[PDB]
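Two forms, one protein chain; structure tokens for each follow separately as structure 1 and structure 2.
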Structure 1
């Protein structure tokens, strides 16, 4: 029961917090346990999307949130599911310049296994709640996000900081794509 079925997927390094980010989005809770995701997994959530015009109309959307593994032992398998999504949450950790340098590898990885070369994407900086342990210059992350012509959001699965916002931005990004049919 719903009007639209939208498929999304989160990819990044292991431990940058994708499973946790997604759980916070569909459960508004926060589980601290790290149990590296085995290959793939996905959670579903029904949501409402309202339109703009000038008012507009409400629409029931059924989200399929794809959560890929970060490890390389699985790189092969994980990338297979990249074509199964309309939009991506490309996230890195704010507390690891490393994961931020891998963001460039991921992008290309996406470009080759997605349904298109330029899918709707949104760059995500996770773990904002720990500024004392932060190591990624905000300007770079913000500039890289402008090189790709992509929205950037510093988030926190913990505080929930923007977790909701970012996701509903990718969504709205995909909704503009569909509507042009």
Structure 2
């Protein structure tokens, strides 16, 4: 093995990242780390009281697994170098959530800061565009990251969007040789 480069596939559900990764990768090596998460409840029956008298049923709810899902998130974000930042072309809320998640991004130290790529998936379905290129190109100009109209169905821009991901990382690693 040459180098270990860790890439993350980000974006809101149904946008196609799992699909995007499946056909690109070409292999069946796929280690999973899965935890359990849940919510639950308990009931109590109390009388509540000139003072009217009411039979009251209290459902009191609780979350479980909570902390594991943070050790899970951390595990996912650790030593990350490249961000597959995709939205849906047929969904403007996928661009909205992206813009607001990029807006809340508290930028860290330069060489420690992961590279990012804005990706627009589902371009094989243009009859359903809620998305305008020049109204996405601004956001990727506001940040200085490339953009690809990709589709995990046709395979459009699939390789060159990931191969372009290395370039930025290797060119980041050039500055801090280590």
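Only residues modelled in both forms are compared. Take the two forms, superpose them, and find the largest set of C-alpha atoms that agree within 1.5 Å; that set is the rigid core. Positions refer to the first chain, counted from 1.
Participant: Is the C-alpha displacement of residue 152 equal to or greater than 2 Å between structure 1 and structure 2 once the rigid core has been superposed?
Facilitator: Comparing forms between structure 1 and structure 2, the residue 152 CA shifts below 2 Å.
Participant: How about residue 125 - superposed on the rigid core, does its CA move between structure 1 and structure 2 by 2 Å or more?
Facilitator: After core superposition, the displacement of the residue 125 C-alpha between structure 1 and structure 2 stays below 2 Å, so no.
Participant: Once both forms sit on the same rigid core, is the C-alpha displacement of residue 101 at or above 2 Å between structure 1 and structure 2?
Facilitator: Comparing the forms between structure 1 and structure 2, which are aligned on their rigid core, residue 101 does not shift its C-alpha by 2 Å or more.
Participant: Just grab the Cα shift of residue 84 between structure 1 and structure 2 for me, core aligned, in angstrom.
Facilitator: So the C-alpha of residue 84 has moved 3.4 Å between structure 1 and structure 2.
Participant: Upon rigid core superposition, what is the positional shift of the Cα of residue 40 between structure 1 and structure 2, expressed in Å to one decimal?
Facilitator: Here residue 40 registers a C-alpha shift of 19.5 Å.
Participant: If I align on the rigid core, how far apart are the two C-alpha positions of residue 111 between structure 1 and structure 2? Answer in Å.
Facilitator: Its C-alpha shift, to one decimal, is 4.5 Å.
Participant: Which residue stretches between structure 1 and structure 2 come out as moving, taking only runs of at least three where every Cα shifts by 2 Å or more after core superposition?
Facilitator: After core superposition, the displaced runs are 27 to 50, 55 to 80, 105 to 119, 179 to 181.
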